[PDB]
Amino acid sequence: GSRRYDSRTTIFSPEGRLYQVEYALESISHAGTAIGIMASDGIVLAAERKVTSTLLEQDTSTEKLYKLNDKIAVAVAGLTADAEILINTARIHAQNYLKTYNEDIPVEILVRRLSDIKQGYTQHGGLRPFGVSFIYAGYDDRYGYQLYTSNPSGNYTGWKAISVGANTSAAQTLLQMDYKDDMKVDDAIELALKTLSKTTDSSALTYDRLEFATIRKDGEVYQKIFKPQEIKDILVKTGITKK
Amino acid sequence: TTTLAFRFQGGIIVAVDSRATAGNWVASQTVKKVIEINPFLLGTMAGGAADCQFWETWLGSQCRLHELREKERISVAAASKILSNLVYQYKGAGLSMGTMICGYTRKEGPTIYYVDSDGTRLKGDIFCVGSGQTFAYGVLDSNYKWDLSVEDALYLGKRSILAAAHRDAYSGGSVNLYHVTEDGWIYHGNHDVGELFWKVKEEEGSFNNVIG
Amino acid sequence: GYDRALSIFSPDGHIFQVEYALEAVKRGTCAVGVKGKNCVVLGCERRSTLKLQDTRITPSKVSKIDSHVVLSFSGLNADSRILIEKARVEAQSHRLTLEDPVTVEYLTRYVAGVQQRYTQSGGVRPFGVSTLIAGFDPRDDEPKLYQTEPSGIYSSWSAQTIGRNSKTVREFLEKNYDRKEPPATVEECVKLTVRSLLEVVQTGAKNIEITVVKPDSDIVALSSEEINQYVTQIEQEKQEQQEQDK
Amino acid sequence: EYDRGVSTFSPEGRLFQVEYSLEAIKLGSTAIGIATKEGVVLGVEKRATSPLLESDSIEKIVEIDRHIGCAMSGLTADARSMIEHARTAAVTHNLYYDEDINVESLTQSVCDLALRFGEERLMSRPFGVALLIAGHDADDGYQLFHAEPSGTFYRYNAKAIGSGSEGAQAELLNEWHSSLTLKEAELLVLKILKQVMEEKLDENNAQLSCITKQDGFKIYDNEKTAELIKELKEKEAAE
Amino acid sequence: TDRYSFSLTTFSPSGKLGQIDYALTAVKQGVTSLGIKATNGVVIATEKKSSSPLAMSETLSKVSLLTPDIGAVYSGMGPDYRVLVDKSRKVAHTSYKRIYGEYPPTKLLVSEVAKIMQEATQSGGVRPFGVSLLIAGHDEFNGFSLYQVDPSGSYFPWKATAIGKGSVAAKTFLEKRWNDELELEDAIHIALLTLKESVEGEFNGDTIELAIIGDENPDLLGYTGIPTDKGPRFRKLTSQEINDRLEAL
Amino acid sequence: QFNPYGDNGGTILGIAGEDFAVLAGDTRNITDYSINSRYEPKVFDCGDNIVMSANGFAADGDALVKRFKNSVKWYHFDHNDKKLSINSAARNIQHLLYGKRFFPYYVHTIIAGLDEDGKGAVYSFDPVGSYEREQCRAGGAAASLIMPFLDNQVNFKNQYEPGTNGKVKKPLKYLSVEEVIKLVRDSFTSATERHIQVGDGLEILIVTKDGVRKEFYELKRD
Amino acid sequence: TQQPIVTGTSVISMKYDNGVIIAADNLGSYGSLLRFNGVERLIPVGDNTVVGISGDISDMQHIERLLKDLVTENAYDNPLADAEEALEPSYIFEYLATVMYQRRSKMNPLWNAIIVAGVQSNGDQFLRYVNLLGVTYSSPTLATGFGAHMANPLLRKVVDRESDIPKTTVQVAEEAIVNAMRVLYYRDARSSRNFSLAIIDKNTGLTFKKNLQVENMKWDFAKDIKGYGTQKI
Amino acid sequence: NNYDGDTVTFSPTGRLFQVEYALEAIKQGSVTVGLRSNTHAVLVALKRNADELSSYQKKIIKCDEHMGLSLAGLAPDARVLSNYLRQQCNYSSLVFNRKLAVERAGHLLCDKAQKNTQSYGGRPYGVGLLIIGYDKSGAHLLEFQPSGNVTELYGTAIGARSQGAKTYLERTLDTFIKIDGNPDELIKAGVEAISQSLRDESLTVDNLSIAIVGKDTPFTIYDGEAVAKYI
């Protein structure tokens, strides 16, 4: 009957690879570039909008950076709708942890929950995996600031600076070249902006094609999503653009 | 019903009566209230007859399963907690069972657990359960010593069951006596209360109020 | 509702999904386990690809199931977390229902049964992970080391490696592991572990990660500095051997 | 490819997965059982993959009950659930009837699980392991059964399964008689295993076990098996 | 029963999701529909191409009301649009009004319909929706908004855009003609001009649908006496109004 | 208001001999102060030399007997037609009864037959399955009237050797089949005399190593 | 059913040398109100079985439908439904009794007392009883309700044992049944003068008499009864 | 060809192939013959051993004291169907105090197999059955095929070389149909019928199984020395 139409998403290749996982990674390779950099006093997320038009309302547009929690945010690379499904689930899990323990959820717990959801989609159900890669930028009182990365394979890793999406190899090479363990948050902003401007397939890096976020620090952290005017200001300040 | 079990230097002594009553009518006096779970574990049948018998036989089956799975004797704590979890899963459903699981293992030594239908699981040294638990408790607590010989401990358990059978109306029939060492349990005979009373009265100088 | 039989037999008698999971294990990082006289040592290779990783938050290859037993793995990281979580839950359940922590063989048997079930259920692919489970039984000082394979096969080992280039490290161990004289002290065991890894790691001590398990729940992961000291001693001895030959 | 049903009948009137599991068993380790009026002996080739493997952890002979033992040949991981079900069935029959379950009844209950596969009353694939179930009951005395993933079971006076089964079976067919003793059965199992094993048979790559009405199911420790191997060497060097 | 538990939309080795691209292509082959956001309201418009001249075009509405202040137009497969508008009308109550006592904001209703379409692209035994939606809404805190929803489940906020056959040309005309200081009538005029560019047949108030999310019309509320309750903002223009604004041009 | 239980009276008695067993019961079935039937047997042969009775609620008794006969049929079917030992039947009946632990079969159960050693055997079960093997056991309405009498004439209780001044008890012996039949008939006649629910007829099933035979005897009808 | 509403009174039945006789009044009582007349409580099944139901009339109609469905199902794929493979009285009984005991065990019984009377294929007389509790008993005389109290002594005077069945003629049994019906009409407040009577003879077959009435009633002595003790006029 | 993957797929000629593959599985099984007179019904089966150290697979199953069957093909499917038939006889005897009619048993088996020969994921049964019984109509012999076709016959045979036994029964029909009240003669007739289907084999006490049912004769199986008088 229906056996003739099953794509069998959760099967191994003769080489020992998950077909749909590799294909989702290839899909995300064509998506926008998102870069996270964790300095000693903050975390910076910078993403490039693949969808660009002169009539695109960028004021109310959020296609790359989403707030999971007052302490945790995510940069997205890939299918926006699958990412939003996973983001809704992550927000629900974070609030469940908050209701259970009366303490904000640690970053790795949420990251592992999302990664296990992704993994379960790659081992059973016969359903397609989520074509989304996440860069988590979070803060908690245990590990301080934290940068994580998760892919459709269900694997999650921790990074000082990381990039997902298009041209991740050149971005990672540039970061390894210019990253320093002692650098501050503004240095991370400059490094992320320069890496994006040097790894963008577009002509130039402008405010309309950028989303920016900073998790900074009292005993309180501030999660600031940059507005288009703030993005243009930081672009003209870091020397990438002229005004 | 009167059941007692206590651990001493020689091992564990278990002693039960054999009377089963439905009100004022003694249904039987040949009841075996010591359930031979396995050659190393014993259980006392106090409370609901069918409940205790059925669930302790099921406990023996589960112990055999554990031994087949782990190639090792099940610990007294493990079997007692199996029975406790079962009865707790059947809590409020109407089960009435106050039992003692007694065993002698290498890891735990001599060990006695009290498991009741209310889910209570208590590791102990001297336990009496049943309608005549008070009488056996009195006798034991008065004459208990860890340094008792096997003979003296057996006689003490038998005498406590005898006192219970005498005073308590719902306890009687005959006394079943077991001695549990590390190599397993040993049956030490069924003693008819009717004749045991006269024997103990003549030899002990007790029960002077009764005339014979 | 998805019950597609993915792990099925081939005309020659093979279950190709299990063998492909084994190949996925082969593509994973190398891990090794060695039995001492009073300890068990687990070594694991770290991906020397990117230097931007955060060593404080990245999940380590050696994971604790209970206070006395640890589990390393080779293969898909995503599939490993499922096994680790199930193993920890079963360890707590065995503590709760038995009032005695799991034996290493029991936890290994549970993991192997989970994997075998995953090799014989509909709509489910087998785990692309092969694990090494090491520890000490409760109230026992004898070392315990076991290996579990995606097919569900589990077996005890004096010393065993699984992952990339596992054949080379296994040859090294079969040459250098004396069953008659196991590594007496912890230092000898850790040195043998690092020597086993150095035949394949080739890059440096930062890739090698070491964990030591000693009886009564004495589990400690060695810092990169101590591992580097061990590698430096081994390299100095190697130079001494190259100069004595001359 | 994977485009036909797992319960599909071959044009010759056979199930694909059953025959393929039989092939998988043919690719397994050797297991030989011999039944005599004094007991049933089961021997298995451990077939360790590397010298670093501890041969003690190769349990290919298991105890179903005091009166029923079982040896496996093939995908031994698949046999874990089968052994668990067999043990549970034995203890459950004991609880229900205050008696030991008959050997043939246990073998039939185990075989009943074989064809419960297909596309939650079904599993994905048949088992990839054959079983030698030996035992003793008061009705039919000592019994040995071969249980296949085809749901079919046969009572053998002597049966060998796994790699090198054909030659071992022929040797059994020529060397077995109704007056064989227990020690003779042990020596015969040892000899045939040594013949079919690629490695030299010693007390570490082979394992012996027996089932007697008195002592039950006893797996021979390596020392007694080694002494029996020495006896067999003395018998062969002087024959 | 439904044995199609496996996904029908999977990743190709090229990384493309096949059924999503095919549904987007089917959308591109659909009748043009556009939306233009102004300073005092939003306008959505489309061509009412009928199958037969015997058919009554008024009985088939391509511009539907989702909530009293949120409407939607489409380009693609009519039946998919009908089932999506029904699902959206119901989800507006179940996942907002019945919980918060207020009509959902435009962004959240768009997100809910996008979640429906994403599940259609990912669930088992289903093909993605062969439509692209332009949803124009107004809420008190975010003001006026215009969103586009694609078969993939993605959505984007637009100052002005179009979809369908003449999508590219329409978008170019809007890029050339739009500004952030436009009144509602100016946006209606620009939409009518773009549609006249995108239509070959007759162009009158009887062959084009056009609705506006503008001011509150208390005459359409149906009851008087509650000052806090004001009229709905969604209003579909009558054929007479469209013909008047066409003769004006 | 619906009471799912009822009482049909009746009295059954089982005595175990050295090489025989006997299970007898009155044939009277009643309800309140009226007689429903004067010959409704409740002692059934279930095969394999196992006689069974479940006295009390006649519906529950018939149900339990039917279920046990079905269990014996399936036991023969599933286990190479193996004969069901009396202890195995007793354990199976315990499990059958305890299956309805919270909706008990309002019946006291008594089975009789021969054990594996060829000796007579009788097993008694309470409504929820508590089972015990006993030499003699009576159940039902007149149970309280018959069980003491048995103690005086079967187990020789309170009977001491004459002239020994109560020092030596009466030597226990194995009663012949004729003696146990005499005792059963006297017990049932006394029950008919003193109990209103016992009478009409007495049916005895005798299980020997040659099979099961019947013996019917009239009783008073008042 | 937890409480009967419309109720049917007594049913009586006995055995005779060649078969069985059953009878029941035609009254449906709404408690104390004699609400419905002409309510047939004897249901014939084939040419060898009659089922007499007493109790809740709704459950009686349910059992009627069940018996009709059982006949229809036995007719299916059965070329011998006319002969060897026709519904025997024992089959119909055992089915009804299983149903009654099941309904009892589910705590929702059929508030009825049923008497199945017929002749088997071999000519043997079958007479058995079931109730809402599932209790089954068989006797040469069987009755429900007040029947079991009053008709049973009169009917047992004719057939006290099985040995009296061969000696009892059809006329004697029918006369005894009519006398029992008259006695019930005398001393049963929920009885009816109109009743129905079925005779299942292994030779004559099934004879079904409806609209029968109680005749030869003695009421003259009522004229002499005055007051309750001391009164004379 | 391309229409043999499922039992849910119809061939262009209107043929369900998986059912024919099951029938072929039966054909390659052992030979079992059935024959009945007016008073008795006999099943004669030739059991087959793997080798000389193995036992002979049982081919006759007892369903009830008045009905039994012999199998040819997959023993597991035979056991499943015989267990279902036991359940149906048990249900009849418990709910209706009535011996199950053989014809109704055949109807139930037919519908049970058809349930498998029309639905996805389910394979047809792989065994043919010969059911003997004695109901109120008399002696009955039925042949059941996993296609769902059950046919009542005076005699028949299934398995390897079954055509010889079938032709023998066709020739000897008027002879054996009149063997009433003599069990041993019908047993010998069945033995001759099954011998008409032997090639390089001879009937021994170990390979022969017999089953007899009829009036005042419950379904009884004869194996081992019990068949020595018929060889």
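In this document, chain identifiers A, B, C, D, E, F, G and H correspond to the written order of the chains, with residue numbering beginning at 1 in each.
We adopt the following convention: a residue touches a chain if its C-beta (ideal position, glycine included) is under 8 Å from a C-beta of that chain, and two chains touch if they have at least 3 such contacts.
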- [ ] Mind listing the chains that sit against chain C and also against chain G?
- [x] none
Task: Contact-richer chain pair [C-D vs A-D] - done: C-D
TODO: Report the chain closest to the protein's overall CA mean, measuring from each chain's own CA mean.
DONE: D
Open item on the list: So the centre of each chain is just the mean of its C-alpha atoms; given that, what is the distance between chain D and chain F in Å?
Closed with: 47
- [ ] Measure off the straight-line distance from the CA centroid of chain B to the CA centroid of chain H, and report it in whole Å.
- [x] 58
Task: Computed distance of Cα centres, chain E from chain D, in Å - done: 71
Open item on the list: Using mean CA coordinates as chain centres, what's the gap between chain C and chain F in Å?
Closed with: 66
Task: Interface hub residues of chain A, defined as touching at least two other chains - done: 1-3, 6, 8, 125-127
Open item on the list: Can you list every residue of chain C that touches 2 or more other chains, as numbers and ranges?
Closed with: 2, 4, 6, 123-124
- [ ] Find every residue in chain E that makes contact with two or more other chains and list them.
- [x] 3, 5-6, 124
Task: Those chain pairs that satisfy the touch definition - done: A-C, A-D, A-E, A-H, B-C, B-D, B-F, C-D, C-E, D-F, D-H, F-G, F-H, G-H
TODO: Using the touch definition up top, name the residues of chain G that touch chain H in the complex.
DONE: 77-80, 84-85, 88, 90-91, 93-95, 98, 121
Open item on the list: Could you list, by residue number, the parts of chain F that touch chain G in their complex?
Closed with: 1-2, 4-6, 8, 29, 31, 34-40, 57-59, 62-63, 103
Open item on the list: Under the definition above, what is the set of chain C residues touching chain D in their complex?
Closed with: 3-15, 105, 109, 112-113, 115-117, 119-122, 124, 146, 151-160, 170, 173-174, 177
TODO: Spell out the part of chain H that touches chain D in their complex, as residue ranges.
DONE: 4-6, 18, 21-28, 49-55, 57, 73-77, 79, 121-124, 126
Task: Contact footprint of chain C on chain A as seen in their complex - done: 3, 6, 8, 10-17, 38, 108, 112, 115-116, 118-119, 122-127, 143, 146-148, 153-162, 172, 175-176, 179
